[PDB]
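Working notes, structure below.
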Amino acid sequence: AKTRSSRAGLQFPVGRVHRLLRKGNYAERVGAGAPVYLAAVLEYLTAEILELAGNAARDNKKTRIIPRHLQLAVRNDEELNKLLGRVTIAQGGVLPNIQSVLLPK
Amino acid sequence: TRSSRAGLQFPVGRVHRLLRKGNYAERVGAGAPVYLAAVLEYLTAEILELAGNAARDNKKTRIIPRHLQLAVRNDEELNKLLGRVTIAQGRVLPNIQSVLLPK
Amino acid sequence: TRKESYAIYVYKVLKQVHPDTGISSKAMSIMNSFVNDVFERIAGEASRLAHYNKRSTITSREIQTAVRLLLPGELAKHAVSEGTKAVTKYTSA
Amino acid sequence: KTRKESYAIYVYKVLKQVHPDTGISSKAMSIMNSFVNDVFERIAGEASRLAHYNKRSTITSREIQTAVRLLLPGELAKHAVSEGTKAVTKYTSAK
Amino acid sequence: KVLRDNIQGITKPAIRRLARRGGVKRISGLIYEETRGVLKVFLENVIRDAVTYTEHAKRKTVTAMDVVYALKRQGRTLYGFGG
Amino acid sequence: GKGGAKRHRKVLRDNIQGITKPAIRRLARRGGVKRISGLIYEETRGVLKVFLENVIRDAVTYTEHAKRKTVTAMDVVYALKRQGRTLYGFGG
Amino acid sequence: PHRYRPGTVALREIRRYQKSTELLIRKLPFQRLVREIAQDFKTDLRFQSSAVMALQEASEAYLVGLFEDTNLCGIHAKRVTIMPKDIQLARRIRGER
Amino acid sequence: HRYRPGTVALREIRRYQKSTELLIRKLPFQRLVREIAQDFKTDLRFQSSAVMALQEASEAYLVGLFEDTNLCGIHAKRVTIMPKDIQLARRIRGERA
């Protein structure tokens, strides 16, 4: 195979991410399978997030995926929103959640 | 030579090197090593003395950790700059909450 | 002149996993933003560590720990695995 | 031998400048260098950030100049600039 | 013309709706005024951070791009509109 | 109901039973509340435990990314730094 | 003749309003206000219409979050209505200020 | 010294403030760490300071906690720190859910 991505079996851009690691001043020498490793990683994460995003879209009767679909997808999972807890959302919107006691007798 | 020509108390030919070795931008602007020594000295001086005042407040010859925070914690400004940076052997300001009065 | 996007890379993988499905144009942009932030926190992480023990290299392990710390457990460990396999995949080839 | 350099010479004269026959513990001395080195990265890192936003490739004094302004509140900031601007201004005057 | 009678623009209802979004149930008369003050505090600081870069950039027409980085500084990163 | 070569050895340095309760109240008053609930102070250690792990989690990680057996105090600092509780005084 | 029992309307909307994404603040007044202060550093400067929104989102969400903290504390006291102090109490504890 | 009602209550507080010694012992704490630190990794070693440092962090961490707790406590018409008073504080700071 010519395309690097394919030699490592992936969709993520091997060499585009390599250059981005040199135009970001992060250091004097860039590693050889770092780039890939890193590409592949995000790849997973994207997937991870993008795997339920779709499921959320299934949930509400649509075949596409609008941003809230990313938002709910991230908040419910504890191991998802936990990391992004410092991320606020283009028109994120809100989980219906009403505190325990103001609900009525 | 640096302190001289610049006229500061801080090392101008020391922060230049780290800023180029930290690896901030491509090259380095001529502006900065000099400017960067200057504000630093300015901050250095702003604390020492209030720390001094604080030690004299409670009457002491030597300043020690306890003093430094007493100085800063009480000050409105410094206190915000170092709002969440927390501190060696420091203890705390006297504080008595209102309705916890011994009437 | 040359507006970059990571839309191309999302575009395949989307289909690979949910082929009867699509992306909002802004939802994709959000994702573009997300990756780069995500690219930087890590890269940032990577760099600091290199420097700490004076390491004129970001190797394939410097990133690995970096992620390990940066990420909450369940997600982190899978990603660690994908990572080594890939090196496994690529070097002999 | 070992290195472990610090800013001890700079902090000490400053204190001399502000109460000459006034003293310090060896515990507050490190707090001080810890404090300086901390502010060092805070300012110089931010400079690095702006430089490669609006598309340029070296870090000068102006940037610090800008950086400082929003890193600190109103009253200290102006005096701080002033001091900063002059020190250098004098520096150039000489040469 | 220096813009003023601005602070009010954010009328009774709009402040209130935020709060429902918040999950508050009800609200005393007094705090409509209190929040405006803060809102202002927050805008001031961010715009303060934002404006400098724009000036730094030899321009007036301050960009959305600055709004955001300036937000990233205060520590309110935003996903949505930038770079 | 026998002597039975009985030997008694139980563990009270590290384990939370061992630690001293006044050691806490000592802590409580610096804040200056008038009253301590029995229930409460038990919870408080509870949280201490939660805070303590995460740090060491990281600590351990930095000790280990360098292949070192001796855990550095700096190592703790960075840890604190990551959660935003960095300590002046130490390890510049 | 009929009028809804108190607290029957407010919750209903809470949710309706919780489900949606769309901004609550006004496009015109917001804008004017942003212009008002920006002038006060330097006078008569411009922003792309979006640049205004960028700014609009970051704060609209910001309040809603604080109101949520204000509410818990209202609850903690056996109360029912977010009072003033609670907000301040909240502000002080977060130790932003 | 006046009478005896709530006489020490405020007294100890003051003496504790003037001082700067560790609130919690420095011997139980020392093992507590060694013991959990094993569960996440084996064959562990510890710098003299490293713990000293943790003690500092932790102590300071709690006080701070209590300091708010107190406020909450006051808010409530109470001078009693309570098991929850702890929770709110944390919840709104955000480590606690």
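Chain labels follow the order of the structure tokens: the first chain is A, the next B, and so on; residue numbering restarts at 1 in every chain, and ligands are counted from 1 in their shown order.
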Spatial neighbours of segment 90-94 of chain H, max dist 10 Å, only C-alpha atoms, sep filter under 5 positions, as a count of residues only:
17
Tell me, which residues of segment 17-91 of chain B carry DSSP helix (DSSP H, G or I), written as a PyMOL selection string?
chain B and resi 17-21+32-57+65-74+77-81
Determine which residues of chain B sit within 12 Å of chain C, taking into account only C-alpha atoms, and present them as JSON, numbers by chain.
{"B": [21, 22, 23, 24]}
With N, CA and C atoms retained, write the just-selected residues as a PDB file, in the first residue's frame.
```
ATOM      1  N   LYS B  21      14.166  28.908  24.823  1.00  0.00           N
ATOM      2  CA  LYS B  21      14.374  27.470  25.015  1.00  0.00           C
ATOM      3  C   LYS B  21      13.068  26.797  25.412  1.00  0.00           C
ATOM      4  N   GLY B  22      12.158  27.516  26.079  1.00  0.00           N
ATOM      5  CA  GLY B  22      10.787  27.069  26.314  1.00  0.00           C
ATOM      6  C   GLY B  22      10.144  26.634  25.023  1.00  0.00           C
ATOM      7  N   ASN B  23      10.496  27.387  23.985  1.00  0.00           N
ATOM      8  CA  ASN B  23      10.077  27.305  22.591  1.00  0.00           C
ATOM      9  C   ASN B  23       8.666  27.907  22.339  1.00  0.00           C
ATOM     10  N   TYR B  24       8.506  29.176  22.728  1.00  0.00           N
ATOM     11  CA  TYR B  24       7.218  29.899  22.553  1.00  0.00           C
ATOM     12  C   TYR B  24       6.636  30.196  21.167  1.00  0.00           C
TER      13      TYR B  24
END
```
Which chain A residues are at most 12 Å from chain E (counting only C-alpha atoms), as a ChimeraX atom specification?
/A:67-68,70-71,84-104
Residue contacts of residue 62 of chain A (10 Å, only C-alpha atoms) excluding same-chain residues fewer than 5 positions away, as JSON, numbers by chain
{"A": [54, 55, 56, 57], "C": [21, 22]}
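Selected on chain F by distance to chain D: residues 87, 88, 89, 90, 91 and 92 of chain F (within 9 Å, counting only C-alpha atoms).
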Return as a compact mmCIF listing (two decimals) with N, CA, C and O atoms, in the first residue's frame the residues belonging to chain D that are within 6 Å of chain B, counting only C-alpha atoms.
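iface_26.txt, freshly written:
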```
# COMPACT_ATOMS: atom_id res chain seq x y z
N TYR D 10 17.74 37.79 42.99
CA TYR D 10 16.78 38.85 42.59
C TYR D 10 15.77 39.20 43.69
O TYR D 10 15.53 40.40 43.92
N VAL D 14 15.43 42.95 46.19
CA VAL D 14 14.13 43.61 46.17
C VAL D 14 13.63 43.92 47.60
O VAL D 14 13.15 44.97 47.96
N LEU D 15 13.74 42.92 48.47
CA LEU D 15 13.38 43.05 49.85
C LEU D 15 14.27 44.06 50.57
O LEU D 15 13.77 44.95 51.32
N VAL D 18 13.11 47.38 50.04
CA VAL D 18 11.86 47.80 50.71
C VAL D 18 11.83 47.70 52.23
O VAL D 18 11.00 48.30 52.80
N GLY D 23 14.07 40.99 57.83
CA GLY D 23 14.48 39.61 57.59
C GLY D 23 13.38 38.65 57.08
O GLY D 23 12.15 38.86 57.01
N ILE D 24 13.85 37.43 56.76
CA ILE D 24 13.12 36.40 56.05
C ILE D 24 13.56 35.01 56.49
O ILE D 24 14.72 34.72 56.66
N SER D 25 12.62 34.06 56.50
CA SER D 25 12.88 32.63 56.71
C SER D 25 13.27 31.93 55.41
O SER D 25 12.96 32.38 54.27
N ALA D 28 10.07 30.88 53.33
CA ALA D 28 9.35 31.88 52.52
C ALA D 28 10.17 32.23 51.27
O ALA D 28 9.60 32.81 50.33
N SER D 48 2.89 33.21 23.64
CA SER D 48 3.04 32.17 22.62
C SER D 48 1.72 31.89 21.89
O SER D 48 1.67 31.75 20.68
N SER D 57 4.73 34.88 13.98
CA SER D 57 5.73 33.82 14.17
C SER D 57 6.90 34.21 15.07
O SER D 57 7.87 33.45 15.09
N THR D 58 6.86 35.37 15.73
CA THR D 58 7.82 35.73 16.70
C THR D 58 7.05 36.39 17.85
O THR D 58 5.97 36.97 17.61
N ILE D 59 7.61 36.36 19.07
CA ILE D 59 7.03 37.03 20.20
C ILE D 59 7.87 38.22 20.65
O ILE D 59 8.90 38.03 21.29
N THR D 60 7.36 39.45 20.43
CA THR D 60 7.95 40.66 20.94
C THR D 60 7.39 41.14 22.27
O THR D 60 6.75 40.50 22.89
N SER D 61 7.75 42.36 22.62
CA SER D 61 7.38 43.01 23.86
C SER D 61 5.92 43.44 23.76
O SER D 61 5.26 43.59 24.82
N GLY D 84 6.83 49.22 32.93
CA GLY D 84 7.36 48.29 31.95
C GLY D 84 7.85 49.03 30.72
O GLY D 84 8.87 48.71 30.10
N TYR D 91 16.19 51.74 28.09
CA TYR D 91 17.12 50.74 27.65
C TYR D 91 17.56 51.13 26.23
O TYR D 91 18.78 51.10 25.89
```
How would you write, as a PyMOL selection string, the set of residues in chain B that DSSP gives as strand (DSSP E or B)?
chain B and resi 27-28+62-63+86-87
Quick one: which residues from chain H are at most 9 Å off chain B, using only C-alpha atoms, as an NGL selection string?
:H and (5-7 or 10 or 14 or 17-22 or 53 or 56-57 or 60 or 70-71 or 74 or 79)
Just the residues within 10 Å of residue 36 of chain H, please, counting only C-alpha atoms, with nothing from its chain fewer than 4 positions along; format it as a list in words.
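My list of contacting residues is residues 14, 15, 49, 52, 53 and 56 of chain F; 31, 32, 40 and 41 of chain H.
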Find the spatial neighbours of residue 55 of chain G, counting only C-alpha atoms, within a cut-off of 8 Å - ignore same-chain residues fewer than 6 positions away - and output them as a PyMOL selection string.
chain E and resi 64+67-68
Distance-based interface of chain A with chain D, 10 Å, counting only C-alpha atoms, as a ChimeraX atom specification:
/A:23-25
How many Å lie between atom CA of residue 80 of chain F and atom CA of residue 13 of chain H, rounded to one decimal?
28.5 Å
Residue list for chain C near chain A as a list in words, 6 Å, only C-alpha atoms:
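Applying the cut-off to the listed atoms yields residues 9, 21, 22, 23, 24, 27, 47, 57, 58, 59, 60, 72, 79, 83, 86, 89 and 90 of chain C.
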Would you kindly report the residues of chain E within 12 Å of chain D, using only C-alpha atoms, as a ChimeraX atom specification?
/E:44-59,63,65-66,69-74,82-83
Counting only C-alpha atoms, collect the residues of chain F whose closest atom lies at most 10 Å from chain C, and write them out as a PyMOL selection string.
chain F and resi 57-58+61-62+64-66+79+82
Name all residues at most 12 Å from residue 17 of chain F (count only C-alpha atoms; drop same-chain ones fewer than 4 positions away) and give them as a PyMOL selection string.
(chain F and resi 10-13+21+42+45) or (chain H and resi 28-29+32)
Straight-line distance linking atom CA of residue 59 of chain H with atom CA of residue 60 of chain F, stated in Å to one decimal
21.0 Å
